[PDB]
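Notes follow the structure.
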Amino acid sequence: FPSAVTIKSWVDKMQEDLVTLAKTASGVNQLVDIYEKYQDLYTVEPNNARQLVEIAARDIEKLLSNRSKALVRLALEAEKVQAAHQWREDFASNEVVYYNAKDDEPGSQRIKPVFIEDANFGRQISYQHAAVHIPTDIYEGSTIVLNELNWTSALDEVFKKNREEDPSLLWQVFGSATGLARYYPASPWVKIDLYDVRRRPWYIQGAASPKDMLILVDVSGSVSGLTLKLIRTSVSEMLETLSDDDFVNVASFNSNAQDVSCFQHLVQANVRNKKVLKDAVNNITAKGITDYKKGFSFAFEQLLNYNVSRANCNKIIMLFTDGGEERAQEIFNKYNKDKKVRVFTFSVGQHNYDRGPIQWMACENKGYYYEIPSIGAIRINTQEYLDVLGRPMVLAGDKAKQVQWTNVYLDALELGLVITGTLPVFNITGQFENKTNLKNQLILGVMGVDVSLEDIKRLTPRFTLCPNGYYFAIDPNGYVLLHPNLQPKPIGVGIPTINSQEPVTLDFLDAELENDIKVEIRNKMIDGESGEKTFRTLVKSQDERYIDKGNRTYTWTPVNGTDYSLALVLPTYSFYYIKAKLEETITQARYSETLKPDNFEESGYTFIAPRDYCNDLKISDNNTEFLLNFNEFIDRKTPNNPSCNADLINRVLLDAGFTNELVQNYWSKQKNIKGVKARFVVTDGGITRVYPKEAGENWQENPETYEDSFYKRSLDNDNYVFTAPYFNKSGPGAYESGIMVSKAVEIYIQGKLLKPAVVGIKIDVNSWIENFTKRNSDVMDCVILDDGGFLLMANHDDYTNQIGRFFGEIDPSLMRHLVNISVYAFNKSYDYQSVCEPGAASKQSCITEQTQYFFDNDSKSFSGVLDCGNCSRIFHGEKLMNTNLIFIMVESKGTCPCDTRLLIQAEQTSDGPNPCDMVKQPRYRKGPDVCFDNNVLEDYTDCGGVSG
Ligand SMILES: *[C@@H]1O[C@H](CO)[C@@H](O[C@@H]2O[C@H](CO)[C@@H](O[C@@H]3O[C@H](CO)[C@@H](O[C@@H]4O[C@H](CO)[C@@H](O)[C@H](O)[C@H]4NC(C)=O)[C@H](O)[C@H]3NC(C)=O)[C@H](O)[C@H]2NC(C)=O)[C@H](O)[C@H]1NC(C)=O
Ligand SMILES: *[C@@H]1O[C@H](CO)[C@@H](O[C@@H]2O[C@H](CO)[C@@H](O[C@@H]3O[C@H](CO)[C@@H](O)[C@H](O)[C@H]3NC(C)=O)[C@H](O)[C@H]2NC(C)=O)[C@H](O)[C@H]1NC(C)=O
Ligand SMILES: *[C@@H]1O[C@H](CO)[C@@H](O[C@@H]2O[C@H](CO)[C@@H](O)[C@H](O)[C@H]2NC(C)=O)[C@H](O)[C@H]1NC(C)=O
Ligand SMILES: *[C@@H]1O[C@H](CO)[C@@H](O[C@@H]2O[C@H](CO)[C@@H](O)[C@H](O)[C@H]2NC(C)=O)[C@H](O)[C@H]1NC(C)=O
Ligand SMILES: *[C@@H]1O[C@H](CO)[C@@H](O[C@@H]2O[C@H](CO)[C@@H](O)[C@H](O)[C@H]2NC(C)=O)[C@H](O)[C@H]1NC(C)=O
Ligand SMILES: *[C@@H]1O[C@H](CO)[C@@H](O)[C@H](O)[C@H]1NC(C)=O
Ligand SMILES: *[C@@H]1O[C@H](CO)[C@@H](O)[C@H](O)[C@H]1NC(C)=O
Ligand SMILES: [Ca+2]
C-alpha cells in the first residue's frame, strides 16, 4: 500500500494529462474565441420570465376561450333543435340518413363517405358529415335511437361552422344519454368493441357534480355463489365511474360492519386508492347473518367524519344486496331525518328473496333501485345513478353550465394525449310555456371538444431558451397538464401479475425530483397566485443515471379563464440568448452550402435537429432524408418565407457558419491524434458535427440538441464531464468508440454568461488504459469511477472487459462502504409511466423504482479501512480536479474472500409508495367550489321498483 503523497502525484499527473488532452483536442478556447470575435452577426436578448409566462398563459386562455365558445354554440343549437321535435313512431318512408361508424335494418339509410387523408389526425377523415357510434349491445333502428338520430342530424351544420371558424379544431362530439355519440369530423371507428359514451370521463364529469360515494356490500351467508362474483364485478365497475374529484370508501356488513381495506375513511378515489379498493373487494368471503341497521349506522357515521379532505358535495350510500326483510326505519329517521343523503340500492343475482324493503329504502331517501341479475346487466346498471344526481344540476338552470376540462387522457380514436371541454345539454321541450317538467329533469347528453397537448405545447416555445429550462402547467388537483417528463402512455399501478381507459394523472411531485421547496411552490400554484422563486435544486439527467446540483428559478402565474397554473423553469446562464441578425444573402449562402451531405469528408459528418422550422418541411427522424429535405428547401426557397419563421433558420445557419470555422481552421489541421477516436461539437442552433467519418455511424446520440443528456449535464457543470457507455452489448461504443468527454463553452459579450454550445471528444479506451498502466496486479486493484459510480478504468483486465457498469454491481462490499461514509449520496424515485415484463401469478405498465448516485461532500481526499470480517482492507480515493472523476485503490477481492449481495442501480420494479399511510397525510389539493344537490323542486317520486 503506497503512501498518500505518491498517489496524489499520480492522480495529479493523469488528471493534468486528461484535461490537457481534452482542452487541446476539443478546442474549447478556439470556439470561445470564434464566438467572441464576431459580435456583429448576432445580438444578445434577455429572457425575462415574468412576461414570457404571462404571454404563454394568455395564449392558453385564448385557446380555451375559442373552445368554450364552440362548446356554448353547440349546446345552444342542440337544445334549440331538440326542443322542436315531434317523436314520430315510424320510420318506413321517412328514412334517417347518417353515417354509422364501424361498418365495412329497416328505418334508416347509410352514407358512404370519401375519407380523404388529412393531417392533424392519424387517420382518414371526411368533413362532409358527422359519424355516429352506437354501442354493440344497443340496437340501431329502434324508436329511441332513430328519434335521437333524426333530431341530432341538425348538429352537422354547427360542427361545420365551428370547424370553419377555427381550422385547428379537433373532435367535436355529442354524447347522448341514449348511448350513441355523434362526432365530427367523420372517421371510421378504431376484436370486439366495448366502447360506451356514458362511461367516458368527460361525460361522467359533465353529467353531475363531484360525489362522496360510500358502498355497502352485503357479505352475509345468502350472497355466497354467483351473486357474490356479480357483486364484486358490479362494485369494480362502479368504482370505474369515479374520478379524482370524487371520494369513495367501501364497507361490508354481516351482523357487524367494517371497512374492507386499510383506509377507514373516504379517500380521493384516484388510481392507487381505486386499485386498493378493488383488490380488497376481490378478497371478500360470504358468511354470517345480515344486519341492515349496523351496516347503515356504519355508513352514516362514515359520511360525518369531516376530519379529512372530502368533496362536500353529493353524499350517497350505494347498497349492494340480494333481498331482505328489514326496512330499518329507525336508522334512516335518526341519521338523515331531513333526507340530506341519497341511498341507491342494488339487488344482485338470480334469487327469490323479497325486494320490497330494498325498493322502499331507495324511494324514501331520494335514491333509486336497480336489478343486476347477470354479467350483461352490470355495465348499464352501474352508470344509471348519474341520472338521479343530475336533477339538481338541470333544476339550477343556466348557472349550471360551465365549461370544465378533464384530466389528461389518451384519446379513444388514437390522437394522443388530449383534454376535453365539457358542457351539459338540457331537455327544454315544453319549457317555452313551462308545462312538462316531468322528463325535462334529465340531461339529453354532453358536449365535448378535444384539445391535444401538442396544441398547448405549440404556445410555449422552448428553442429561445437553454435545454435545461421548460414550461409546466399544473391542475388544481396537483397533476401536470404539461411537462417534459409526461409521456403518452398510461400510468402504472403495482406489479403486473397474471395467471388504457384510465386518465394519465401524474402529480407534479412525481414528474420530477421532490423537494421541500417544490411542495411550497406547488401549493402556491394550486390555489392560484403569481410568484417567483430562485433556489438550488438537484436535477436528474435526461437518462435516469445521473443527478447534478444546479440553480433554478421557477416563475409561475395563474391562467385567468381556467384553473390551471403555468410555471417556467429557467436556470442561470440562460437569461440571455443569441438572436442572429443578418439580412445579407451572400453570407446566408456561404453558410448554407456548408451542410452538403456529399461534402462531409472534410467538414465532418453533420447531423441536423429535426425541428419544425415550418409547415413545408416535414420531419422524418432519419436525418439523412431530413437533411436532404432541409438543404433542398434552403437552396430552393426565397428568403421571404410567407409562412416559415426564419429565426430558427437564422440561428441554425449562424451556428453552422461558426462550426464551419471551428472544424476547418482548427480540427482539420490535426487530422489524426493518438488518444482520440472522435471529436464532436453540438450547438443550440440545432446541429452537431463529428469529424471522423467512420465515427458518424457510431454517434448514438439523438439529432435534437435539446434531447441530449450529455449536453444538459455539461451545461450544469463548469468542468469536463465524462459519460460512461452503456453495458452488455447495446450496440457499438464499448470498445470501438471510447469514453465520451464533453465541455460547455462560456461566452462573455457584454459580461453576460452565455453557453451557446458544447464540444467534446471520445478517448480511445486502449490508449487510455495504456497511459493508465504507466496491470493485472493480483495484489491490489486501482479503478476510476465517475459521478455516479460507473466503471471507467480497471486494472485486472476482466473488469476492463465490462466497462461502463455500476461499481456496486461488481464490488458491492466497497460500494456500500463508500455510500456509508458519505462520499456518495443517493436518491430514489418512482417512475409510473414504465413498461416491464410480467410475473408468475408481452409487457405491461408498472411502477419502477430508480436510484441515482452523486457526490455527497465537497472534500476531495478520502482514506479508510473496510472490515469485512476476518479481514481488513485499506482503501484510498482522490477526486480528480476540474472534472467529475475519482480514483480509488483497494486490495484485490481475493485477499478477503467476502462478497455480500450485489448493489444494483437499475430499473427495479416495485409498487411503492404504500397508500395506507399515504392517505393519512395527503398532498394539498383544491376542489371545485360549485356543488349542485338537494334542490327543493326535485321530483324524486320515481324509483326503479315502482315501474318494475
Ligand atoms: C324531453 O322531454 C319530453 C317531454 O318532457 C320528451 O317527450 C316525450 O316523449 C315520450 C316518448 O318517450 C312521449 O310519450 C308518448 O306517449 C306514450 C308514452 O311512451 C307512447 O306510447 C307507448 O308508451 C310505451 C310506454 O308505456 C312505450 O313502450 C311504447 O313504445 C309507446 N308507443 C307505442 C306503444 O306505440 C307514445 O308513443 C309517445 N309518443 C307519442 C304519443 O307521440 C311523450 O308524449 C313526449 N312528451 C312530450 C311533451 O312531447 C322527450 O322524449 C325528451 N327528450 C328525449 C331526447 O327523450
Ligand atoms: C325528422 O325527420 C323528419 C322526416 O324524416 C324531417 O321532417 C321533414 O323535413 C323536410 C325538410 O326538412 C320536409 O320537407 C319540406 O318541409 C317543408 C316544411 O314546411 C314543407 O315545404 C314540406 O313539408 C316539405 N317540402 C317538400 C316535400 O317539397 C318534410 O315535409 C318533413 N316531414 C316529413 C318528411 O315527413 C325532420 O326535418 C327531421 N328532423 C330533423 C331535426 O332533422
Ligand atoms: C375527529 O373525529 C373524531 C371522531 O371520529 C371526533 O371525536 C373526538 O375525537 C377526539 C380523539 O381523541 C376526542 O376529542 C374525542 O374522543 C372525540 N370527541 C370530542 C368531543 O372531541 C373529533 O372531534 C374529530 N376532530 C378532531 C380534531 O379530532
Ligand atoms: C436528495 O438529496 C439527499 C440525498 O442523500 C437527501 O437530502 C438530504 O436530506 C437530509 C435529511 O435531513 C438533510 O439533512 C440533508 O441536508 C439533505 N441533503 C441536501 C439538502 O443536500 C435526500 O435523499 C434528498 N433530498 C430531499 C428529498 O430533499
Ligand atoms: C388574470 O387577471 C388579473 C386581473 O383580472 C390580471 O392581473 C393584472 O395584474 C397587473 C399587474 O399585477 C395589473 O397591472 C393589471 O391591471 C391586472 N389586470 C387587470 C384586468 O386589472 C392577471 O394579469 C391575469 N393573468 C394573466 C396571466 O395575465
Ligand atoms: C383562437 O385562439 C387564438 C390564440 O390561440 C386567438 O389568437 C384567436 O383570436 C382565437 N380565435 C380564432 C377564431 O382563431
Ligand atoms: C446481458 O445480461 C448479462 C449481464 O451482464 C450478460 O452477462 C449477458 O451476456 C447479456 N445477455 C445476453 C443474452 O448475452
Ligand atoms: Ca342475508
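Naming scheme: A, B, ... for chains in displayed order of the C-alpha cells; residues 1 onward per chain; ligands 1 onward as shown.
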Give me the residues within 9 Å of residue A:72 as an mmCIF file with C-alpha atoms, in the first residue's frame, counting only C-alpha atoms and dropping any in the same chain fewer than 2 places off.
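Heads up, here's the output in selection_6.cif:
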data_model
loop_
_atom_site.group_PDB
_atom_site.id
_atom_site.type_symbol
_atom_site.label_atom_id
_atom_site.label_comp_id
_atom_site.auth_asym_id
_atom_site.auth_seq_id
_atom_site.Cartn_x
_atom_site.Cartn_y
_atom_site.Cartn_z
ATOM 1 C CA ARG A 67 -63.035 26.022 -27.398
ATOM 2 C CA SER A 68 -65.559 27.307 -24.845
ATOM 3 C CA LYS A 69 -67.237 29.468 -27.497
ATOM 4 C CA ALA A 70 -67.585 26.438 -29.771
ATOM 5 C CA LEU A 74 -73.056 23.561 -29.946
ATOM 6 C CA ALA A 75 -75.002 23.276 -26.685
ATOM 7 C CA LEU A 76 -77.353 26.135 -27.585
ATOM 8 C CA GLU A 77 -78.109 24.698 -31.016
ATOM 9 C CA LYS A 401 -73.464 25.473 -17.493
ATOM 10 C CA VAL A 403 -67.080 24.561 -19.402
ATOM 11 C CA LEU A 423 -70.938 21.326 -21.363
ATOM 12 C CA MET A 447 -70.949 18.423 -25.412
#
For this session: Throw together the list of residues within 8 Å of ligand 4, counting only C-alpha atoms and all ligand atoms, and drop it here as a ChimeraX atom specification.
Result: /A:513-516,538,825-828,856
Same residues, N, CA, C and O atoms, output as a PDB file, in the first residue's frame:
ATOM      1  N   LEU A 513     -37.939  15.521  -9.389  1.00  0.00           N
ATOM      2  CA  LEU A 513     -37.451  15.183  -8.059  1.00  0.00           C
ATOM      3  C   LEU A 513     -38.084  16.092  -7.010  1.00  0.00           C
ATOM      4  O   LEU A 513     -38.064  17.318  -7.143  1.00  0.00           O
ATOM      5  N   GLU A 514     -38.637  15.482  -5.966  1.00  0.00           N
ATOM      6  CA  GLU A 514     -39.329  16.235  -4.929  1.00  0.00           C
ATOM      7  C   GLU A 514     -38.341  16.981  -4.038  1.00  0.00           C
ATOM      8  O   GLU A 514     -37.174  16.601  -3.906  1.00  0.00           O
ATOM      9  N   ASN A 515     -38.828  18.052  -3.419  1.00  0.00           N
ATOM     10  CA  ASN A 515     -38.019  18.874  -2.533  1.00  0.00           C
ATOM     11  C   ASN A 515     -38.955  19.626  -1.599  1.00  0.00           C
ATOM     12  O   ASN A 515     -40.156  19.739  -1.857  1.00  0.00           O
ATOM     13  N   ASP A 516     -38.389  20.134  -0.503  1.00  0.00           N
ATOM     14  CA  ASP A 516     -39.176  20.929   0.434  1.00  0.00           C
ATOM     15  C   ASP A 516     -39.641  22.243  -0.176  1.00  0.00           C
ATOM     16  O   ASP A 516     -40.652  22.794   0.267  1.00  0.00           O
ATOM     17  N   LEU A 538     -31.413  19.825  -6.981  1.00  0.00           N
ATOM     18  CA  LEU A 538     -30.655  18.711  -7.531  1.00  0.00           C
ATOM     19  C   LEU A 538     -31.522  18.055  -8.599  1.00  0.00           C
ATOM     20  O   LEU A 538     -32.650  17.636  -8.319  1.00  0.00           O
ATOM     21  N   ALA A 825     -23.700  10.432  -2.125  1.00  0.00           N
ATOM     22  CA  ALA A 825     -25.098  10.490  -1.740  1.00  0.00           C
ATOM     23  C   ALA A 825     -25.941   9.840  -2.829  1.00  0.00           C
ATOM     24  O   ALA A 825     -25.503   9.673  -3.969  1.00  0.00           O
ATOM     25  N   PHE A 826     -27.162   9.461  -2.465  1.00  0.00           N
ATOM     26  CA  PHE A 826     -28.038   8.800  -3.418  1.00  0.00           C
ATOM     27  C   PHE A 826     -29.480   9.181  -3.129  1.00  0.00           C
ATOM     28  O   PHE A 826     -29.856   9.430  -1.981  1.00  0.00           O
ATOM     29  N   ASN A 827     -30.282   9.227  -4.189  1.00  0.00           N
ATOM     30  CA  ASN A 827     -31.715   9.433  -4.045  1.00  0.00           C
ATOM     31  C   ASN A 827     -32.481   8.480  -4.946  1.00  0.00           C
ATOM     32  O   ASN A 827     -32.047   8.169  -6.059  1.00  0.00           O
ATOM     33  N   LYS A 828     -33.623   8.022  -4.443  1.00  0.00           N
ATOM     34  CA  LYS A 828     -34.506   7.105  -5.142  1.00  0.00           C
ATOM     35  C   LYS A 828     -35.796   7.816  -5.526  1.00  0.00           C
ATOM     36  O   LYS A 828     -36.205   8.798  -4.904  1.00  0.00           O
ATOM     37  N   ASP A 856     -21.353  13.561  -2.518  1.00  0.00           N
ATOM     38  CA  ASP A 856     -22.001  13.985  -1.280  1.00  0.00           C
ATOM     39  C   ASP A 856     -21.389  15.273  -0.743  1.00  0.00           C
ATOM     40  O   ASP A 856     -22.083  16.283  -0.582  1.00  0.00           O
TER      41      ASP A 856
END
Problem set entry | Residues within 9 Å of ligand 2, counting only C-alpha atoms and all ligand atoms, as a list in words | residues 81, 82, 84, 85, 86, 87, 88, 91, 93, 94, 95, 96, 97, 147, 149, 150, 151, 152, 153, 154 and 155 of chain A
Seminar exercise, completed: Across A:11, A:456, A:146, A:308, the smallest distance to ligand 6, with only C-alpha atoms and all ligand atoms counted, is shown by A:456
Problem set entry | Nearest to ligand 3, chosen from A:116, A:865, A:341, A:303, with only C-alpha atoms and all ligand atoms counted in the distances | A:303
Alpha helix (DSSP H) positions in stretch 581-787 of chain A, given as an mmCIF file with N, CA and C atoms, in the first residue's frame:
data_model
loop_
_atom_site.group_PDB
_atom_site.id
_atom_site.type_symbol
_atom_site.label_atom_id
_atom_site.label_comp_id
_atom_site.auth_asym_id
_atom_site.auth_seq_id
_atom_site.Cartn_x
_atom_site.Cartn_y
_atom_site.Cartn_z
ATOM 1 N N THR A 585 -27.753 37.992 -48.290
ATOM 2 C CA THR A 585 -27.912 36.665 -48.873
ATOM 3 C C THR A 585 -26.573 35.977 -49.121
ATOM 4 N N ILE A 586 -25.507 36.744 -49.359
ATOM 5 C CA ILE A 586 -24.217 36.142 -49.691
ATOM 6 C C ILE A 586 -23.684 35.326 -48.517
ATOM 7 N N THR A 587 -23.750 35.884 -47.305
ATOM 8 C CA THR A 587 -23.324 35.128 -46.131
ATOM 9 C C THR A 587 -24.276 33.977 -45.840
ATOM 10 N N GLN A 588 -25.571 34.169 -46.098
ATOM 11 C CA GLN A 588 -26.527 33.083 -45.913
ATOM 12 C C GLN A 588 -26.173 31.891 -46.791
ATOM 13 N N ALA A 589 -25.789 32.140 -48.044
ATOM 14 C CA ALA A 589 -25.372 31.046 -48.918
ATOM 15 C C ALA A 589 -24.030 30.462 -48.483
ATOM 16 N N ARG A 590 -23.053 31.320 -48.177
ATOM 17 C CA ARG A 590 -21.757 30.809 -47.747
ATOM 18 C C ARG A 590 -21.879 29.965 -46.486
ATOM 19 N N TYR A 591 -22.958 30.144 -45.723
ATOM 20 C CA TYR A 591 -23.275 29.265 -44.606
ATOM 21 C C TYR A 591 -24.082 28.042 -45.040
ATOM 22 N N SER A 592 -24.977 28.209 -46.021
ATOM 23 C CA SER A 592 -25.931 27.160 -46.371
ATOM 24 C C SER A 592 -25.274 26.022 -47.140
ATOM 25 N N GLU A 625 -32.630 11.552 -44.837
ATOM 26 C CA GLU A 625 -33.701 12.125 -45.644
ATOM 27 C C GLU A 625 -34.005 13.553 -45.214
ATOM 28 N N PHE A 626 -34.030 13.804 -43.902
ATOM 29 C CA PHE A 626 -34.426 15.118 -43.412
ATOM 30 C C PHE A 626 -33.388 16.179 -43.756
ATOM 31 N N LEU A 627 -32.100 15.834 -43.692
ATOM 32 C CA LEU A 627 -31.066 16.795 -44.067
ATOM 33 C C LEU A 627 -31.159 17.152 -45.546
ATOM 34 N N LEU A 628 -31.410 16.155 -46.397
ATOM 35 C CA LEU A 628 -31.597 16.426 -47.818
ATOM 36 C C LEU A 628 -32.817 17.306 -48.050
ATOM 37 N N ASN A 629 -33.918 17.025 -47.353
ATOM 38 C CA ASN A 629 -35.092 17.884 -47.471
ATOM 39 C C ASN A 629 -34.771 19.306 -47.035
ATOM 40 N N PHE A 630 -34.035 19.451 -45.932
ATOM 41 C CA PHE A 630 -33.732 20.771 -45.393
ATOM 42 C C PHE A 630 -32.872 21.582 -46.353
ATOM 43 N N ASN A 631 -31.794 20.985 -46.869
ATOM 44 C CA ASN A 631 -30.916 21.775 -47.726
ATOM 45 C C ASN A 631 -31.509 21.978 -49.117
ATOM 46 N N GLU A 632 -32.348 21.051 -49.598
ATOM 47 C CA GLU A 632 -33.102 21.324 -50.817
ATOM 48 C C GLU A 632 -34.061 22.492 -50.616
ATOM 49 N N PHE A 633 -34.758 22.523 -49.476
ATOM 50 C CA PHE A 633 -35.672 23.625 -49.192
ATOM 51 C C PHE A 633 -34.923 24.946 -49.088
ATOM 52 N N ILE A 634 -33.760 24.939 -48.435
ATOM 53 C CA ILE A 634 -32.970 26.160 -48.304
ATOM 54 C C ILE A 634 -32.485 26.633 -49.669
ATOM 55 N N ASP A 635 -32.015 25.705 -50.502
ATOM 56 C CA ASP A 635 -31.499 26.054 -51.818
ATOM 57 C C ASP A 635 -32.596 26.327 -52.842
ATOM 58 N N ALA A 646 -37.957 32.441 -39.890
ATOM 59 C CA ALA A 646 -36.540 32.320 -40.190
ATOM 60 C C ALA A 646 -35.650 32.463 -38.964
ATOM 61 N N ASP A 647 -36.222 32.756 -37.794
ATOM 62 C CA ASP A 647 -35.409 32.916 -36.592
ATOM 63 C C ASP A 647 -34.670 31.623 -36.268
ATOM 64 N N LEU A 648 -35.379 30.493 -36.312
ATOM 65 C CA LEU A 648 -34.715 29.201 -36.186
ATOM 66 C C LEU A 648 -33.752 28.972 -37.341
ATOM 67 N N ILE A 649 -34.163 29.346 -38.556
ATOM 68 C CA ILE A 649 -33.298 29.207 -39.723
ATOM 69 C C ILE A 649 -32.055 30.074 -39.569
ATOM 70 N N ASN A 650 -32.240 31.321 -39.130
ATOM 71 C CA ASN A 650 -31.097 32.207 -38.933
ATOM 72 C C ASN A 650 -30.143 31.646 -37.888
ATOM 73 N N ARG A 651 -30.683 31.148 -36.771
ATOM 74 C CA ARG A 651 -29.832 30.594 -35.724
ATOM 75 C C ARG A 651 -29.065 29.375 -36.216
ATOM 76 N N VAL A 652 -29.739 28.470 -36.931
ATOM 77 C CA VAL A 652 -29.067 27.251 -37.368
ATOM 78 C C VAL A 652 -28.008 27.569 -38.416
ATOM 79 N N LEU A 653 -28.274 28.532 -39.305
ATOM 80 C CA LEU A 653 -27.258 28.905 -40.288
ATOM 81 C C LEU A 653 -26.069 29.594 -39.628
ATOM 82 N N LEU A 654 -26.323 30.462 -38.646
ATOM 83 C CA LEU A 654 -25.226 31.122 -37.945
ATOM 84 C C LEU A 654 -24.361 30.111 -37.203
ATOM 85 N N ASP A 655 -24.991 29.143 -36.536
ATOM 86 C CA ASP A 655 -24.218 28.134 -35.825
ATOM 87 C C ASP A 655 -23.504 27.191 -36.785
ATOM 88 N N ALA A 656 -24.090 26.927 -37.957
ATOM 89 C CA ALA A 656 -23.385 26.159 -38.977
ATOM 90 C C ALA A 656 -22.150 26.903 -39.459
ATOM 91 N N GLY A 657 -22.266 28.217 -39.645
ATOM 92 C CA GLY A 657 -21.106 29.004 -40.027
ATOM 93 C C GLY A 657 -20.022 29.003 -38.966
ATOM 94 N N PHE A 658 -20.417 29.108 -37.695
ATOM 95 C CA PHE A 658 -19.435 29.046 -36.613
ATOM 96 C C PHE A 658 -18.749 27.684 -36.567
ATOM 97 N N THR A 659 -19.528 26.609 -36.698
ATOM 98 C CA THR A 659 -18.963 25.266 -36.675
ATOM 99 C C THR A 659 -18.058 25.021 -37.876
ATOM 100 N N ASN A 660 -18.370 25.632 -39.020
ATOM 101 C CA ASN A 660 -17.506 25.509 -40.190
ATOM 102 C C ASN A 660 -16.112 26.048 -39.896
ATOM 103 N N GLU A 661 -16.034 27.239 -39.298
ATOM 104 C CA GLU A 661 -14.736 27.805 -38.951
ATOM 105 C C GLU A 661 -14.053 26.987 -37.865
ATOM 106 N N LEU A 662 -14.829 26.450 -36.919
ATOM 107 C CA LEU A 662 -14.228 25.614 -35.883
ATOM 108 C C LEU A 662 -13.597 24.359 -36.475
ATOM 109 N N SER A 709 -28.579 14.078 -23.305
ATOM 110 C CA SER A 709 -28.325 14.120 -21.869
ATOM 111 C C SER A 709 -26.983 14.772 -21.559
ATOM 112 N N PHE A 710 -25.946 14.433 -22.330
ATOM 113 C CA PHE A 710 -24.620 14.971 -22.055
ATOM 114 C C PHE A 710 -24.576 16.480 -22.249
ATOM 115 N N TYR A 711 -25.384 17.011 -23.170
ATOM 116 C CA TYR A 711 -25.424 18.455 -23.382
ATOM 117 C C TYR A 711 -25.876 19.183 -22.121
ATOM 118 N N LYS A 712 -27.011 18.770 -21.555
ATOM 119 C CA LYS A 712 -27.508 19.407 -20.340
ATOM 120 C C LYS A 712 -26.587 19.137 -19.156
ATOM 121 N N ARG A 713 -26.036 17.924 -19.075
ATOM 122 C CA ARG A 713 -25.116 17.603 -17.989
ATOM 123 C C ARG A 713 -23.889 18.506 -18.025
ATOM 124 N N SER A 714 -23.357 18.770 -19.220
ATOM 125 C CA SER A 714 -22.224 19.677 -19.350
ATOM 126 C C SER A 714 -22.629 21.123 -19.092
ATOM 127 N N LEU A 715 -23.849 21.507 -19.477
ATOM 128 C CA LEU A 715 -24.315 22.858 -19.180
ATOM 129 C C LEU A 715 -24.359 23.106 -17.681
ATOM 130 N N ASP A 716 -24.867 22.137 -16.918
ATOM 131 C CA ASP A 716 -24.984 22.323 -15.475
ATOM 132 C C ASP A 716 -23.618 22.441 -14.812
ATOM 133 N N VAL A 765 -10.169 3.810 -25.701
ATOM 134 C CA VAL A 765 -10.041 3.086 -24.442
ATOM 135 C C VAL A 765 -8.687 2.387 -24.351
ATOM 136 N N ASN A 766 -8.173 1.881 -25.475
ATOM 137 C CA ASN A 766 -6.915 1.139 -25.448
ATOM 138 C C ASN A 766 -5.746 2.044 -25.077
ATOM 139 N N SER A 767 -5.610 3.180 -25.765
ATOM 140 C CA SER A 767 -4.540 4.114 -25.434
ATOM 141 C C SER A 767 -4.717 4.688 -24.035
ATOM 142 N N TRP A 768 -5.965 4.875 -23.606
ATOM 143 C CA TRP A 768 -6.225 5.481 -22.305
ATOM 144 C C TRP A 768 -5.828 4.530 -21.179
ATOM 145 N N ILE A 769 -6.159 3.242 -21.316
ATOM 146 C CA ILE A 769 -5.713 2.275 -20.314
ATOM 147 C C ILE A 769 -4.208 2.051 -20.407
ATOM 148 N N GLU A 770 -3.627 2.161 -21.606
ATOM 149 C CA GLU A 770 -2.176 2.051 -21.727
ATOM 150 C C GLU A 770 -1.475 3.166 -20.963
ATOM 151 N N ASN A 771 -1.963 4.401 -21.101
ATOM 152 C CA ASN A 771 -1.422 5.504 -20.312
ATOM 153 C C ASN A 771 -1.723 5.324 -18.829
ATOM 154 N N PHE A 772 -2.835 4.658 -18.503
ATOM 155 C CA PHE A 772 -3.133 4.340 -17.110
ATOM 156 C C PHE A 772 -2.094 3.397 -16.516
ATOM 157 N N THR A 773 -1.644 2.411 -17.298
ATOM 158 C CA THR A 773 -0.732 1.399 -16.773
ATOM 159 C C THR A 773 0.586 2.015 -16.316
#
For this session: Dump the neighbourhood of ligand 7 as JSON, numbers by chain: all residues within 10 Å, distances computed on only C-alpha atoms and all ligand atoms.
Result: {"A": [727, 728, 729, 730, 802, 805, 809, 810]}
Closest atom pairs, chain A residues within 8 Å of ligand 3, only C-alpha atoms and all ligand atoms, as CSV:
residue,atom,partner,partner_atom_place_in_ligand_line,distance
A:305,CA,ligand 3,5 (O),5.7
A:306,CA,ligand 3,1 (C),7.2
A:307,CA,ligand 3,1 (C),5.1
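With only C-alpha atoms and all ligand atoms as the atoms that count, the set of residues no farther than 7 Å from ligand 6 is residues 59, 60, 62, 63, 66, 165 and 166 of chain A.
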For this session: Do a neighbour search on residue A:568 at 8 Å with only C-alpha atoms, toss out local chain neighbours closer than 2 positions, and write the hits as a PyMOL selection string.
Result: chain A and resi 49+53+469-472+553-556+566+570
Exercise. Which is closest to ligand 5 among A:384, A:529, A:240, A:781, if we use only C-alpha atoms and all ligand atoms?
Worked result: A:529
Exercise. Which protein, DNA or RNA residues have an atom within 12 Å of ligand 5, counting only C-alpha atoms and all ligand atoms, as a PyMOL selection string?
Worked result: chain A and resi 50-62+528-531+555-567
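Computed from the coordinates, the atom CA of residue A:408 to atom CA of residue A:511 distance equals 14.0 Å.
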Exercise. Quick one: residues within 12 Å of residue A:909, only C-alpha atoms counted, chain neighbours fewer than 5 positions away excluded, as a list in words?
Worked result: residues 492, 493, 494, 495, 496, 497, 829, 830, 831, 832, 833, 834, 835, 836, 837, 838, 839, 844, 845, 846, 847, 848, 849, 850 and 851 of chain A
